[PDB]
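Participant: opening piece of the complex, as it sits:
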Amino acid sequence: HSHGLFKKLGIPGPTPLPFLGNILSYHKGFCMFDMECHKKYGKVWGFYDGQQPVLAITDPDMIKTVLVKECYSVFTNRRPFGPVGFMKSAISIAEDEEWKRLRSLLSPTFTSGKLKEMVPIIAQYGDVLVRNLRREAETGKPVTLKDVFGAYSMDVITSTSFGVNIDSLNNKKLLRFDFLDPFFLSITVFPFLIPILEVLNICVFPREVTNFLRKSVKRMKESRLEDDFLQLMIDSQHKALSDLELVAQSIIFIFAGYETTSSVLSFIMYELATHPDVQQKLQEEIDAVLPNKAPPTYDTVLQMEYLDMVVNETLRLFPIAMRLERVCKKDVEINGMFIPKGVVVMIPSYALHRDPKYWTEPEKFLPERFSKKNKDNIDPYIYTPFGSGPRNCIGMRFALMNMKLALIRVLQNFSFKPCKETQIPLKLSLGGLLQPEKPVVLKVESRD
């Protein structure tokens, strides 16, 4: 059917198989397939997720046109995701004017003024992260980073999104997901089954958690009325937000701020343990700005420059999105290249972050790439850990502030050393998520 589009347009790419397209090349993950296609075919190439044509671009001027210049007009929505059910009103799922309305309603929620008000409350669970670390560290027992950071990320969420205060590591009925099973694999081969499962109410998000958070929010709403992100959205309610839409955005913010904050913190501490010099220099900067283990503030976090260099370099090596995608809604020609309607434009963030033509020794962990001297030579359309344009990461400021507050309190009291069971070097999962194959385990030693 559509497997002759890139052939007609003169765009190179791997020859697709019937029905499957090029999905069999995903046997080593999205990352390895994007790196091989960038090496084999060059600046632009095309492939097929089954019958769906996917056009990959790597030109920074062409990336700017898709993500920024022609966002509202052509490249407004990501690829259609389903079955989603009521979560269609989710901001990361909504399309066209529905998204542009939800984006404006949730934009003042993620301002620096609202983020600074969260810091003193967020700084409470940094202490919870230390005392729980103190137990597992005081004993000579290696610590799984995904469990200790996953508990902290959930603690920040339940407090910053609903005011719920829980020590999740020691104490809550939020049930998890899975994101790499024969499921989506099949949905890619059979996208015609999406409207099938929608009328069956078969939601990729299991009803019982949505029902829980729906009734949990309505209990909080009518308890505060009359007598966090929830209150910022209650005060917000472009006709005002709906109750079913409000819980849907929470459900996004529950997953976004949880799994992504836990993974990056695990990737950062893996690099700090395998690079003791970077860990020591970061501890010296934290001690210089915050002497006597001073509690970090919103202003002191933005003052640490080497801390920002460590976070940015880690996101370069591990961009958890991997790819940035937009759906071409109208026949357009950008930067001298015609793009038909319906083609999914893709930006290989992982491949561009490790491109030797833009980075010297791209596989190495060198925070000095993001120094105040060298940060000017970084193209913001090649280094996109938070995307770019009107539909970039809306929680970029919150995520960078949440991770740095955790790193400061953790490095103020502990040093992290590799173990025997520590996977060195870290091998990324061959699946569809940017996560370690084996969980990162490290030895935690107290600075006292």
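Facilitator: Thanks, I have it. Numbers count the residues shown, from 1 in each chain, chains lettered A, B, ... in the order given.
Participant: can we go C-alpha only for contacts and neighbour counts from here?
Facilitator: Will do.
Participant: can you show me the strands along chain A?
Facilitator: All strands of chain A, identified by DSSP state E, fall at A:44-49, A:52-57, A:143-144, A:323-327, A:332-333, A:338-339, A:344-348, A:414-418, A:441-446.
Participant: any residues touching the fourth one, and which ones?
Facilitator: Outside strand A:323-327, the residues that touch it by CA atoms under 8 Å, 6 or more residues apart in numbering are A:66-67, A:74-79, A:342-350, A:387.
Participant: that one to strand A:344-348, inter-axis angle?
Facilitator: Interaxial angle, strand A:323-327 versus strand A:344-348 (axes from the mean of the first three to the mean of the last three CA atoms, to 10 degrees): 160 degrees.
Participant: pick the most deeply packed of the strands of chain A.
Facilitator: Counting by mean count of other CA atoms under 10 Å, strand A:344-348 has the highest mean neighbour count of these, with a mean of 25.
Participant: counting by contacts, list what that one packs against.
Facilitator: For strand A:344-348, the elements it packs on are strand A:52-57, strand A:323-327, judged by 3 or more CA pairs under 8 Å, 6 or more residues apart in numbering; DSSP states H and E.
Participant: tell me which of those strands sits nearest to residue A:106.
Facilitator: strand A:323-327 (20.9 Å; CA to CA).
Participant: angle of the closest one against strand A:52-57?
Facilitator: 120 degrees.
Participant: chain center to strand A:323-327: distance?
Facilitator: 14 Å (CA atoms, centre = their mean, to the nearest Å).
Participant: one more: stretch A:107-116?
Facilitator: 19 Å.
Participant: which parts of it are buried?
Facilitator: A:109-110, A:115-116 (16 or more other CA atoms under 10 Å).
Participant: do stretch A:98-108 as well
Facilitator: Quick answer for stretch A:98-108 (16+ other CA under 10 Å): A:99-103, A:105-106.
Participant: filter these down to just the ones in helices.
Facilitator: When the buried residues of stretch A:98-108 are checked against helices (DSSP state H), the matches are A:99-103, A:105-106.
Participant: dump these to a markdown table, plus distance to residue A:435.
Facilitator: As requested, these are exported to a markdown table (distance: CA to CA, whole Å):
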| residue | distance to residue A:435 |
| --- | --- |
| A:99 | 28 |
| A:100 | 31 |
| A:101 | 32 |
| A:102 | 29 |
| A:103 | 28 |
| A:105 | 32 |
| A:106 | 28 |
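Participant: any idea which of these is closest to residue A:134?
Facilitator: residue A:106 (37.5 Å).
Participant: one more, chain B:
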Amino acid sequence: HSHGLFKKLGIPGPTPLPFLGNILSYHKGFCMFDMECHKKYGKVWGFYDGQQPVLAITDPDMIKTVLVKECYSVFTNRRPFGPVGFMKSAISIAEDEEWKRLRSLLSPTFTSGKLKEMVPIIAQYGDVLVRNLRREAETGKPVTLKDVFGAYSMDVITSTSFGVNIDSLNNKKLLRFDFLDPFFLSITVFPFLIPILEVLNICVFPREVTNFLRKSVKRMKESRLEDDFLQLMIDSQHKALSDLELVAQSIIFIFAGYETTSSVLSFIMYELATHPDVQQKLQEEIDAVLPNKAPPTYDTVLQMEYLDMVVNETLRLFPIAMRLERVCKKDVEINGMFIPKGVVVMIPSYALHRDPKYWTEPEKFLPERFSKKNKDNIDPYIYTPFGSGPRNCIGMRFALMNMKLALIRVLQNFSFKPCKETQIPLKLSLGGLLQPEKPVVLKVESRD
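Facilitator: Same chains as before, plus chain B:
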């Protein structure tokens, strides 16, 4: 799922059943269901074709806003039809800028200057219609109107669309369709199966005819290059038309000009036979304008006023579209009524044409409603046999000219009387097409 929309909006309508919606009310046809809903619920009502909300409107100002004022912005496309395959490029199927491009490319094709050039060639098969009628009339054998008019309509088509000259009644491999089977009935209950059959290449139009017309056109193109509608589209080729798009429009024009011209001519001659006074007055006007059986011309057809009154009154009683539909693509509020996105706005043409509040004795056949005195009192948004707005019938001029040329030549030589087997009164098919239940049979007598 969606069965609580009209309840939330305060819009009356029949209570829908799960999955089915209100499709079980179609057991007596679209026409009877639209008349009952207009009587029970009033000016506006809503129902569900399965899970699809359909909002019906009858206000002429509100109909003008949907069909004309907000056509390009909101109400641009009809309800999604499939599986269609390559016929997606069909003008009556295309959507948004693809349709607006095809509409502009095919608009000069249907001008009065191009229609007048077709008349002397079209007038050839009016004589074929008489001599073939002369055989079946010279013998005392009643004649089925759908067979004699269906042959004439196909004769005009193959000549005006490809230059092919055939006496189809006596002499062509165009295979037919069916439009009311458990098929669409099921597609309405299960619209999620449309993308299923699309990837299977299961086309509602069977491949072998499309393959025939595709290769037949390419034989005609390269025979005229270098040494009708086809040539008007060849000369036309908004980037120029495609070869696969060109045959697709022909396929539309094959069905549109065939079944619709045969049905209306059968409805007109049924009324003329059951109303001998109208038939005599029409014969007197034709003889006055064209004495001695003068061949009709483009200018003489527009000169006959009582002929236009007969055609317009018949289209009032039998509007073959029955309904006019538009898909609401954006949340809008027109004439003080909010319409959500995705709702199919429907205009019950059959119910409005037989509304006693707009027509005196609506069931009766009275051509005097369209006299030059009374035609001014007719609201063009209540009487819509050809629709209204930018997406109205593009072949309205050709259809009115083709039917009148047939009626003139037929009434110049023959008089039509009812038989014993003639269904009086004519009962419309309880299906989804505006067609007679039993075929119209009449006695044909020569005026000589």
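Participant: could you re-examine the contacts of strand A:323-327 with chain B now present?
Facilitator: A:66-67, A:74-79, A:342-350, A:387 (CA atoms under 8 Å, 6 or more residues apart in numbering or on different chains).
Participant: same thing with stretch A:285-300?
Facilitator: A:116, A:119-120, A:123, A:303-304, A:306-307, A:401, A:405, A:408-409, A:412-413.
Participant: let's see which of these end up in helices.
Facilitator: Short answer: the contacts of stretch A:285-300 in helices (DSSP H) are A:116, A:119-120, A:123, A:303, A:306-307, A:401, A:405, A:408-409, A:412-413.
Participant: buried among those residues? Make that a ChimeraX selection.
Facilitator: Remark: buried members of those, expressed as a ChimeraX selection using 16 or more other CA atoms under 10 Å in any protein chain shown:
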select /A:116,119,123,306,307,401,405,408,409,412,413
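Participant: of the contacts of strand A:323-327, which ones also sit close to chain B?
Facilitator: Counting by CA under 8 Å from any CA of the partner chain, nothing from the contacts of strand A:323-327 sits close to chain B.
Participant: take those and keep only those in helices.
Facilitator: Using DSSP H, the contacts of strand A:323-327 in helices are A:349-350.
Participant: buried members of the contacts of strand A:323-327 into PyMOL, please.
Facilitator: Applied in PyMOL, the following selects the buried portion of the contacts of strand A:323-327 according to 16+ other CA under 10 Å:
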select buried, chain A and resi 66+67+74+75+76+77+78+79+342+343+344+345+346+347+348+349+350+387
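Participant: for chain B, give me its nearest residue in the stretch 251-400 of chain A.
Facilitator: residue A:330 (8.1 Å; CA to the nearest CA).
Participant: right, and that residue touches residue A:74 too?
Facilitator: Yes. Here residue A:330 reaches residue A:74: they are 5.9 Å apart, a contact under CA atoms under 8 Å.
Participant: what does the stretch 51-200 of chain A put close to chain B?
Facilitator: Counting by CA under 8 Å from any CA, the stretch 51-200 of chain A sits next to chain B at A:192-196, A:199.
Participant: with respect to residue A:261, which of the residues you listed is nearest?
Facilitator: residue A:194 (30.0 Å).
Participant: any idea how far the closest one is from residue A:205?
Facilitator: Distance of residue A:194 to residue A:205, given as CA to CA, to the nearest Å: 14 Å.
Participant: between those two, who's got more neighbours?
Facilitator: Neighbour count, other CA atoms under 10 Å in any protein chain shown: between residue A:194 and residue A:205, residue A:194 has more, with 20 against 17.
Participant: can you give me the helices for the stretch 51-200 of chain A?
Facilitator: With DSSP state H, counting those that start in this stretch, the ranges of helices along the stretch 51-200 of chain A come out as A:60-64, A:97-106, A:112-138, A:145-162, A:182-189, A:194-199.
Participant: sweet, I'm off.
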